[PDB]
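Residue numbers (PDB author numbering): 35 to 379. Note that beta-carbon positions come from the ideal geometry of N, C-alpha and C, so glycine has one too. Here's the structure, in structure tokens; my notes come after.
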Ligand SMILES: OC[C@H]1CNC[C@@H](O[C@H]2O[C@H](CO)[C@@H](O)[C@H](O)[C@H]2O)[C@@H]1O
């Protein structure tokens, strides 16, 4: 029954409904142009109707709003079922008071089930080390005293998505102890977990020169990057341990995003009734890591979700579903692997 506080599940708060938000945000979504496609593509959009949503799967909870109190209660109950102690919240620097309100709603709901919340800092517009520092300060100031705000050994933790978009010479200003705008040894110090993507020849000096406290791999699709190739995890962990870094590999139950990225079929990983998830989670446990991240709770666009899904067919699309498993199988199977992780941690 114990929640695991070193298990981080990537959570997305960007869904809307007509009733609450005035539109089906994110269930409606632009279709992405082919990066190798022509010059003047008109890929179109997915309208977020009942029949047609921007996922290859279909949520048991329907086209829900992330601000709906009833949905938040259910999501937190699902985290309890999964034994996942930390919700890693996507964060886009929206700046509007309604972002703040929603963050406040998630924190309050989480705390009722003793779930903790940390922030997943996304590549928001014009993100750089100066406004990153500004934002880290604001988040710690605004939410640091909330009982659900995550700390590891007294420290906040931030995952930094696509951290490679900012060079190490920039990162060092923020993350070196001698950095010109350093957070080290200040009230705003935190564990900063950057994204390990490619080969060790590039990633090792990146992580060292950028002064990240750790790294994660994010991608649910095996082999999409060097970092998301689980046979690499034992050597990645040995390097991390040698260099005083926290390795948080990311595990997922599958991947498919061809509703929003029709050209991206090569990245599909079928779930094969839970077999894919089992193989991946087992690999993370075997690498002897001290923490695990799960991609994802509810990234519906990318079909990596462990949130319950239902069989559904419409005139628009035949949705995938969990096959010979119940809608809540990925939640309970996550609990199973969390228990195994705890036993040998
Ligand atoms: O949370 C990290 C990462 C996970 N995958 C999606 C990334 O966002 C991008 O893709 C989604 C659709 O899956 C779009 O809605 C976003 O606008 C796009 O930036 C996200 O950064």
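Between residue 294 and ligand 1, is the CB less than 7 Å from at least one heavy atom? yes
How big is the Cα-Cα spacing for residue 179 and residue 149? 15 Å
Burial state of residue 291, where buried means 16 or more other Cβ atoms lie within 10 Å: buried
Pop quiz: residue 347 and residue 353 are said to be a contact at Cβ under 8 Å. What is the actual Cβ separation, rounded to whole angstroms? 7 Å
Within the same chain, show all residues whose beta-carbon is closer than 8 Å to that of residue 55, passing over the 5 residues directly before and after it, in chain order. 99, 101
Kindly list the residues whose CB is nearer than 6 Å to the CB of residue 4, restricted to its own chain and excluding five residues on each side of it in sequence; keep chain order. With the chain running from 35 to 379 in the structure shown, residue 4 is simply not present.
Residues near residue 362 by beta carbon distance below 6 Å, same chain, minus five either side: 342
Relative to the C-alpha of residue 393, which candidate in 215, 193, 239, 207 has its C-alpha closest? As shown, the chain starts at 35 and ends at 379. That puts residue 393 outside it, with no answer to give.
Inspect the CB distances between the region 57-69 and the region 120-138 and report whether three or more fall short of 8 Å. no
Three Cβ pairs or more, each shorter than 8 Å: is that satisfied between the region 240-248 and the region 272-286? yes
Whole beta strand (DSSP E) elements within the region 212-268, 3-residue minimum: 225-229, 248-250
Identify, in the order they occur along the chain, each residue of the same chain with its Cβ nearer than 6 Å to the Cβ of residue 212, setting aside the five sequence neighbours on each side. none
Host beta strand (DSSP E) of residue 122 (start-end): 118-125
Might you give, ordered along the chain, the residues of its own chain that have their beta carbon closer than 6 Å to the beta carbon of residue 48, omitting 5 neighbours on each side? 60
For residue 137, the first and last residue of its enclosing alpha helix (DSSP H): 131-146
Pick from 197, 43, 277, 92: whose alpha carbon is nearest that of residue 226? 197
Within its chain, find whatever has a CB closer than 8 Å to the CB of residue 174; leave out the 5 residues flanking it on each side and keep chain order. 190, 221, 222, 224
Where residue 324 and residue 145 are concerned, what is the direct C-alpha to C-alpha distance, given to the nearest angstrom? 24 Å
Ligand 1 heavy atom lying under 7 Å from the CB of residue 195: yes
Cut-off 7 Å between Cβ atoms - residues of its own chain near residue 64, not counting five sequence neighbours on either side: 79
One question on the structure: do residue 183 and residue 122 come within less than 8 Å of each other, judged by their Cβ atoms? no
What does DSSP give as the partner residue(s) for residue 351 in the beta ladder? Its beta-bridge partners do not exist; DSSP assigns none.
Between the Cα of residue 242 and those of 258, 256, 201, spot the shortest distance and give me the residue it belongs to. 201
Under 8 Å Cβ to Cβ from residue 299, same chain only, skipping five residues before and after it: list those, please. 292
Cβ-Cβ separation, residue 39 to residue 120 (assumed contact under 8 Å), whole Å: 6 Å
Would you check whether ligand 1 has a heavy atom nearer than 7 Å to the C-beta of residue 156? yes
Would you kindly report the start and end of the unbroken alpha helix (DSSP H) that includes residue 199? Taken as a continuous stretch (DSSP letters only), residue 199 belongs to no alpha helix (DSSP H), as it is neither H nor E.
Using only CA atoms, which one of 335, 375, 117, 258 lies nearest to residue 36? 117
Would you check if the distance between the CB atom of residue 88 and the CB atom of residue 335 is smaller than 8 Å? yes
Secondary structure of residue 365, DSSP reduced to three states: helix
Start and end of the alpha helix (DSSP H) containing residue 41? Looking at the DSSP string, residue 41 is not in any alpha helix (DSSP H); the run it does join, the beta strand (DSSP E), is 38-45.
Rounded to the nearest angstrom, what separates residue 319 and residue 130 at their Cα positions? 40 Å
DSSP three-state label for residue 95, please. coil
Is residue 327 helix, strand or coil when you go by DSSP? strand
Verify whether the separation of the beta carbon atoms of residue 199 and residue 244 is less than 8 Å. no
For residue 154 and residue 132, believed in contact at Cβ under 8 Å, the rounded distance: So it is not a contact: roughly 19 Å between Cβ atoms.
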